[PDB]
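Only one structure is covered here, and it is reproduced in the block below.
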Amino acid sequence: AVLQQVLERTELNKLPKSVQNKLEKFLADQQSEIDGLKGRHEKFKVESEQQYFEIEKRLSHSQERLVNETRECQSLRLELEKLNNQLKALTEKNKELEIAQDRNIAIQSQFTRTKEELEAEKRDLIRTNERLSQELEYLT
Amino acid sequence: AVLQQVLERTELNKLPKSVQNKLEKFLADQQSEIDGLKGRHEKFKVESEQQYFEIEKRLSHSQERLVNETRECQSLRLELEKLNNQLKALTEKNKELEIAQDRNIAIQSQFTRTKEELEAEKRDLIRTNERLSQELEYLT
Amino acid sequence: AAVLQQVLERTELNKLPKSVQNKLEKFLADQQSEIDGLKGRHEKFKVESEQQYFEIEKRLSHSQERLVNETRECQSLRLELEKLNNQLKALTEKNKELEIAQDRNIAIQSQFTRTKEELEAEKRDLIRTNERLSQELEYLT
Amino acid sequence: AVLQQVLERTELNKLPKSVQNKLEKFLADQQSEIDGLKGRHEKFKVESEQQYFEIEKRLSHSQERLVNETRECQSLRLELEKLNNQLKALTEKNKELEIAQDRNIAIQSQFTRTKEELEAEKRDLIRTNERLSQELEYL
Numbered sequence: 003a004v005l006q007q008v009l010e011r012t013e014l015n016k017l018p019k020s021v022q023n024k025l026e027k028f029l030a031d032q033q034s035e036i037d038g039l040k041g042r043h044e045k046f047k048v049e050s051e052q053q054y055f056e057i058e059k060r061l062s063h064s065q066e067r068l069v070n071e072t073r074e075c076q077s078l079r080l081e082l083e084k085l086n087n088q089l090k091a092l093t094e095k096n097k098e099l100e101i102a103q104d105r106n107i108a109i110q111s112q113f114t115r116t117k118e119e120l121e122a123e124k125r126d127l128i129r130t131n132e133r134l135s136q137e138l139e140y141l142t
Numbered sequence: 003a004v005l006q007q008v009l010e011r012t013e014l015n016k017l018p019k020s021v022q023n024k025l026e027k028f029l030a031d032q033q034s035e036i037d038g039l040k041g042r043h044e045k046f047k048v049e050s051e052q053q054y055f056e057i058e059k060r061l062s063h064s065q066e067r068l069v070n071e072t073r074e075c076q077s078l079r080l081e082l083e084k085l086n087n088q089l090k091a092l093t094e095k096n097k098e099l100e101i102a103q104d105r106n107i108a109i110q111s112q113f114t115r116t117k118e119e120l121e122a123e124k125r126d127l128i129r130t131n132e133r134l135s136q137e138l139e140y141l142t
Numbered sequence: 002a003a004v005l006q007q008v009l010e011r012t013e014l015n016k017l018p019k020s021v022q023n024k025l026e027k028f029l030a031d032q033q034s035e036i037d038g039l040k041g042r043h044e045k046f047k048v049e050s051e052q053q054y055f056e057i058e059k060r061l062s063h064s065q066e067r068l069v070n071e072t073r074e075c076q077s078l079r080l081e082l083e084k085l086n087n088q089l090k091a092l093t094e095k096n097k098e099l100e101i102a103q104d105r106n107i108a109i110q111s112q113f114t115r116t117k118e119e120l121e122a123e124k125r126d127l128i129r130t131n132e133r134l135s136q137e138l139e140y141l142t
Numbered sequence: 003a004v005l006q007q008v009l010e011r012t013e014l015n016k017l018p019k020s021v022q023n024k025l026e027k028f029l030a031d032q033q034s035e036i037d038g039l040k041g042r043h044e045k046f047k048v049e050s051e052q053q054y055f056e057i058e059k060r061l062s063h064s065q066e067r068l069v070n071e072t073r074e075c076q077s078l079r080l081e082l083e084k085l086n087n088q089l090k091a092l093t094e095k096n097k098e099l100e101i102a103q104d105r106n107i108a109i110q111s112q113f114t115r116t117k118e119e120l121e122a123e124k125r126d127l128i129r130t131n132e133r134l135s136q137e138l139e140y141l
């Protein structure tokens, strides 16, 4: 009872029932509103802080992902620098090997022609030996 | 007056002035406390509303930033994969050339033997050639 | 037979059938001409091949120079590009913080508008009440 | 050997043994010198061609690398001026935002003064209100 919270029981009692009850309800309505506002405020406070925390959680989380991704990019740039050096070294090495192969092809061609030269001379000597032998086979 | 809103003008007159003042004061205080809470809640509401809008905006900025940084890593990751394929291609091409060099050395050594064999045969033919010729000269 | 005379005596030469003399003379003269021809061709080739080698090595060196230069500028440009890009990122973040501030300012100016209007209302209520008190006091006095 | 190629088998017979020997030796010696030169020349020729071909390949390789490197580099100079211009653009944009912020902070300082004035005026009304209350109830 709110009016009991306002007036002394003696002075309260000397009031008409119409007066007492009207006072009681209006005063209780004001008191009800006060508790209504405090409750609504504390309700909002907790819920607003809660929702804020959740979004604060996400931001701090993504920022961690951002710093991670940033490091990865730097790491990739390091690998790119390494691979680029490895391609250049391999490209030069392979071009030297292609030239070495070209020299070998030339050498094997040179030997092939040389072989045919000797094969011709061998045939000529056997032929020349044959004629000299053919003449001497006749005499005995 | 606030009490004039609660009670009728006739029955209000019937109250001791001391009682009216006690009631009037209590009502005004309650009314002040009500309005005081409303100001507190509305101030807190507006400020929390801005702070929430702000952190949402920060998360959006972070999210936008994270996606872009990923786009920058992805282009690096793509070029890296391209380089790796080229590296493997040169590596296999390299091995083919190293093998080709090892093959040629074996071949050129075999060629040298053939050259030596042919020249040996030629030397013997020339000896037989001179041998047959010398006796021919002696005869005629 | 000018060349054949250097091989044979004039007596042995004269007793040869003329067809034989002429065949031998031509073959022998061709041999002499070929020998001088090969020596001349070889030394000529040597000079010309060295020149051709000199010229192509010069072109190679020019191409090598051009590549090394382009490679250096390209690498140098790649670095500056990364630097400017990083400077853009930092400048963008700095600008986004101010953009957030811009919204904060909009909200604050909104809040002051309400506060001023609220205060004006309370002032109106007080002025209203003072008028009520003054008139009641004016009537009683 | 060499004389057999120069003369026909028939006309060769009319030649004395001494003459054949003088001729065959002379012919063989010169032909020997000739063939030796052809061998010397061909070896030098082949070797020089291979060495030249090598430099052709090095130049060809160098040229291809240059053309490819140039094609990737060409875009960069344009991008730098574009990025540099964008940097200058944001810098001006930055200053405008900084200016707008400094302006607003100053404005918000005026807001605070106005509110205090309003709060002051309100208090004086409450003060006059209390005076009217004191005079009304007592008198």
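Residue numbers (the entry's author numbering), protein chains in the order written: chain D, 3 to 142; chain C, 3 to 142; chain A, 2 to 142; chain B, 3 to 141. Note that beta-carbon positions come from the ideal geometry of N, C-alpha and C, so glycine has one too.
When only Cα atoms are considered, residue 117 (chain D) and residue 40 (chain B) end up about 16 Å apart.
The beta carbon of residue 105 (chain D) falls within 8 Å of a beta carbon belonging to chain B, placing the residue at that interface. Counting the other Cβ atoms within 10 Å of the Cβ of residue 141 (chain A) gives fewer than 16, which makes it exposed. Around the beta carbon of residue 2 (chain A), a 10 Å sphere encloses 16 or more other beta carbons of the protein chains shown; the residue is thus reported as buried. Residue contact with chain B for residue 128 (chain D): absent (no Cβ-Cβ distance below 8 Å to any residue of chain B). Contact residues of the stretch 24-48 of chain A toward chain B are 24, 25, 28, 29, 32, 33, 35, 36, 39, 40, 42, 43, 46 and 47 (C-beta to C-beta distance below 8 Å). Distance between residue 15 (chain B) and residue 130 (chain D), taken at the CA atoms: about 18 Å.
The C-beta of residue 101 (chain A) comes no closer than 8 Å to any C-beta of chain B.
Within a 10 Å sphere around the beta-carbon of residue 8 (chain A) sit 16 or more other beta-carbons, which makes this residue buried.
A Cβ-Cβ distance of about 6 Å is found for the pair residue 99 (chain A) and residue 103 (chain B), placing them in contact under the 8 Å criterion. A straight line joining the alpha-carbon of residue 43 (chain C) with that of residue 63 (chain D) spans about 31 Å. Here residue 32 (chain D) is near residue 32 (chain C), since their CB atoms are less than 8 Å apart.
Contacts between residue 59 (chain C) and chain A, judged by CB atoms closer than 9 Å, involve 97, 100, 101 and 104 in chain order. With contacts defined by Cβ atoms closer than 8 Å, residue 89 (chain D) and residue 89 (chain C) form a contacting pair.
At a cut-off of 8 Å, the C-beta of residue 122 (chain A) has no neighbouring C-beta in chain C. Within chain D, the residues whose beta carbon sits less than 9 Å from that of residue 56 (chain B) are 101, 104 and 105, listed in sequence order. In the structure shown, the three-state DSSP call for residue 10 (chain A) is coil.
Just measuring C-alpha positions, the residue of A:46, A:6, A:115 and A:106 sitting nearest residue 30 (chain A) is A:6. Less than 8 Å divides the Cβ of residue 61 (chain D) from the Cβ of residue 57 (chain C).
When DSSP states are grouped into helix, strand and coil, residue 122 (chain B) belongs to the helix group. Under the three-state reduction of DSSP, residue 3 (chain D) is assigned to coil, being neither helix nor strand.
Each residue's CA atom was taken as its position, placing residue 82 (chain A) and residue 92 (chain C) some 30 Å apart. If you draw a 10 Å sphere on the C-beta of residue 115 (chain C), you find fewer than 16 other C-beta atoms in it, and that means exposed. Nearest CB-CB separation between residue 112 (chain A) and chain C: below the 8 Å threshold.
No beta strand (DSSP E) of 3 residues or more sits fully in the stretch 13-87 of chain D. Against chain A, a Cβ distance below 7 Å from residue 52 (chain C) picks out 105 and 108. Looking at the backbone, the Cα of residue 10 (chain B) and that of residue 20 (chain A) are separated by about 10 Å. With the criterion set as a beta carbon lying under 7 Å from some beta carbon of chain C, the members of the stretch 72-83 of chain D are 72, 74, 75, 78, 79, 81 and 82, in sequence order. Within the model, the alpha-carbon separation for residue 111 (chain C) versus residue 49 (chain B) is close to 20 Å. Of the other Cβ atoms in all chains shown, fewer than 16 fall within 10 Å of the Cβ of residue 73 (chain D); this residue is therefore exposed.
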